[PDB]
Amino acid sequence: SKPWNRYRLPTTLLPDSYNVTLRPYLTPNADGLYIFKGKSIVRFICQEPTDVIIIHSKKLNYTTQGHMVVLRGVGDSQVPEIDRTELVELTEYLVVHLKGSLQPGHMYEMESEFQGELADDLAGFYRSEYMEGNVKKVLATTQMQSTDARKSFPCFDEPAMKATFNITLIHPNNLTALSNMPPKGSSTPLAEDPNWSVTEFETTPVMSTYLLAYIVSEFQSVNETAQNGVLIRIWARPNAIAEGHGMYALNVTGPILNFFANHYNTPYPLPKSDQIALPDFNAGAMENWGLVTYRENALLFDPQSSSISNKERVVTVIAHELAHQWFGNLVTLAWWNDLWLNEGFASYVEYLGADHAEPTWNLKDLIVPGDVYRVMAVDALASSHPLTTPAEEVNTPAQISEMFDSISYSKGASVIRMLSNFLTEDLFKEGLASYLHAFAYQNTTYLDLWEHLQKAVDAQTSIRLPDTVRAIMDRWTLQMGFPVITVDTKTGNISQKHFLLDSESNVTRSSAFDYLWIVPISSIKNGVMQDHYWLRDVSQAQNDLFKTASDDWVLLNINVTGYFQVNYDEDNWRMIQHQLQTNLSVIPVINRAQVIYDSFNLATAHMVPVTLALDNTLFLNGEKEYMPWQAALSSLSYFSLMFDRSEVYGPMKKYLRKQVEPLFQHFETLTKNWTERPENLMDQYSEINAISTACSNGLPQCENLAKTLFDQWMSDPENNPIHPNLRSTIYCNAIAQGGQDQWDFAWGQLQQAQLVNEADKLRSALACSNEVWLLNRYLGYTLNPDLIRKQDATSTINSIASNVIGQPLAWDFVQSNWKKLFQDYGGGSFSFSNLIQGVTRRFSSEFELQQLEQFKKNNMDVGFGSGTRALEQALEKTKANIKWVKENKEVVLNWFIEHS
């Protein structure tokens, strides 16, 4: 095959530098089409002779005189004539056929004039439309990530083919231009038309095409300067800067950059950091070097309405993207098969960098619930895959997009956290710096990081490993999943096997290592740290570390640094149960959560009885902390999904009423009758949860608290007395006890609500009514754009259906109106996949399964839009629910009655 029919560029030509000039036309040509025009010069060097130049180019029309490009040699160098220039749409190339051959060592210059659509497609140079008062606003902006730089100018669009960039923006004279670097001086008017200005930027460092940004907008900024001269900014809409919504972002940014310079032991590699908050940026955040983009809602904070988990969301999201300004942007993985390393690393260090920024919080631990047990859910299936793909299997752009998933991000973060711990942080940082210094401004594989990490381990004696860093990490990176470690504390025998939540699963993917790992096992005996231990690549082993006496106990994986789950024999489970029931402080708080999360998974797997899982929740009546309570609530939400319309819900609610009441009393005292919030994050979280859990399980005191506070608010609309933290539980539980006086009030608020995060709580709360007629009225309002935004409709319908009274109303509403695929699939995508997956989440009977097969029957026409085969996932899921409910409804019921 010809080289223009392969997806990977040649390596015969390498870029040195590009001059790129873009001119976006923010006012359409009256046909309705917005466009941009560009000019580009790329200077590249020749490595081996070639008579063809191949460069990426996507949805660009060339307007160059004669051929699609003009070509020159730098200095005294001469260049062959062009024979022709073709576009090849499939592999996204511009091809320049030459009448002779480029020559090794010579630099050449390629020049193009072009234009494309300035579409609202969140790819390449694109447009974004927002509303400032009456007026329509239209900005230009970029998302290059993955393979879209080539959509904006022609370039050697692969991550390792790095170069310098001289960016110019030609824009309307009263707008501001931003790019990766500072602007060169002052904008000056365009000679041919002085309504336009021309802003030139300082030349970039050597960098990859996918990290470019340019933005033309009205935005303004709050600014700060660190002592070391680095100019920091938060850019947003004019009305948003004014309200001080940029202030939290500006406050944490400095500290975060400081933390990472010390952590990476390398200084921020650029003169400034712009961070910009864009309306409707649905990729969420993009770590463009020196110009990081966020959806507006994620960056911005309003402290008078936002809860602590908005605040925690802002700081972590900021820490993630700023971590990339070194690891990712300064040192760059060579190809998209290694994206796990880049995104995993960031996904892990986001916690460290934010822990520093809010010093008295302890954010670090939140990786356990938020990432580790989250990904474990999907990595303990047979449909999973290993972190590494071979390079030669990732070629197309669609294949490249498949790299951006839960495994890449969260398991990446999880094995890297594990790696760091077993080495120790100090050792981890040593080889981490060694990697950056050595590779700065160049490209790497994950093998390069291991080699440097090896170098640091080799350079000391204290920390000893069963094998090389590569051999150990090959077990976590080349095969999918993770082990379950079983411990018989009678003999001290210890085993391992690939853990799968379905005990009847058929793993078809085969591993070089036959699902055997090398596993770091930290251990605690009667509350006291033991020697660290390594389980080798064997199914069975024995060690006296794990042998218990009659009245000793043993617990594995401290702080759940290891990426595995633990099962012990029944005697040791009970000793741990007694221990937690009598003095919970002897077991660290992450492991009080572990014992819960792990046993529920071990139950689903038929490796313990489900009653054992439920026994591990018993100690919670004494538990003051976030994470144990969180583990129980997450593990029990499926139970609630299957049983909230059955005989089981009574004994269940009564059990949670009994367990959470002491914790509610505690916060009534600690907060001084709900007037002032707890000190740190973890305790505010525990509180938010205790109130939530009290109210939904129908404790009389939380019910009373809500009615009060919502009444105080109704007699004084302008002075909201409910702290932001507690609003979603108060709002929901007071609309439930009330009727149309409380519902019509909150709908008056939601229609007038300015902020997105208030409106989300109001919408969700409006779906907690127990009046059938209100919910059916609400469902009617979801398909009216004036009342409910198109993009909120399916969200809103799900909130209604989450309400048990709402389940049959939503199902009838979906089924009936389903035909409006052909207004909201050509009316917009509409997320049919999400709607169905939510409205049918509960279905757990033979009768309901037939109703889904019966709904299915209108195959003719309609189709399912995108959510075709999320309807098969429903039917599959439904079968698996029926089967689970038969096996469990009996024993669960007895267990809850027995313990309430």
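Numbers for residues come from their place in the sequence shown, where the first is 1.
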Open item on the list: Averaging CA B factors per stretch from the PDB record, which one is higher: 723 to 731 or 319 to 327?
Closed with: 723 to 731
Task: Mean C-alpha B-factor comparison - 251 to 259 and 539 to 547, higher one - done: 539 to 547
Task: Criterion, highest CA B-factor; candidates, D274, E158, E200, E570 - done: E570
Open item on the list: Among the choices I53, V69, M860, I35, identify the one whose CA B-factor in the record is greatest.
Closed with: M860
Open item on the list: Considering every modelled residue of the chain and its Cα B-factor in the PDB entry, is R6 in the lowest, middle or highest third?
Closed with: middle
- [ ] Compare the C-alpha B factor of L871 with those of the other modelled residues in its chain, then answer lowest, middle or highest third.
- [x] highest
Task: Chain-wide C-alpha B factor ranking for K411, given as lowest, middle or highest third - done: lowest
Task: Where the record places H245 (Cα B-factor, split into thirds across the chain) - done: highest
TODO: For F153, return the chain-relative third of its C-alpha B-factor as stated in the PDB record: lowest, middle or highest.
DONE: lowest
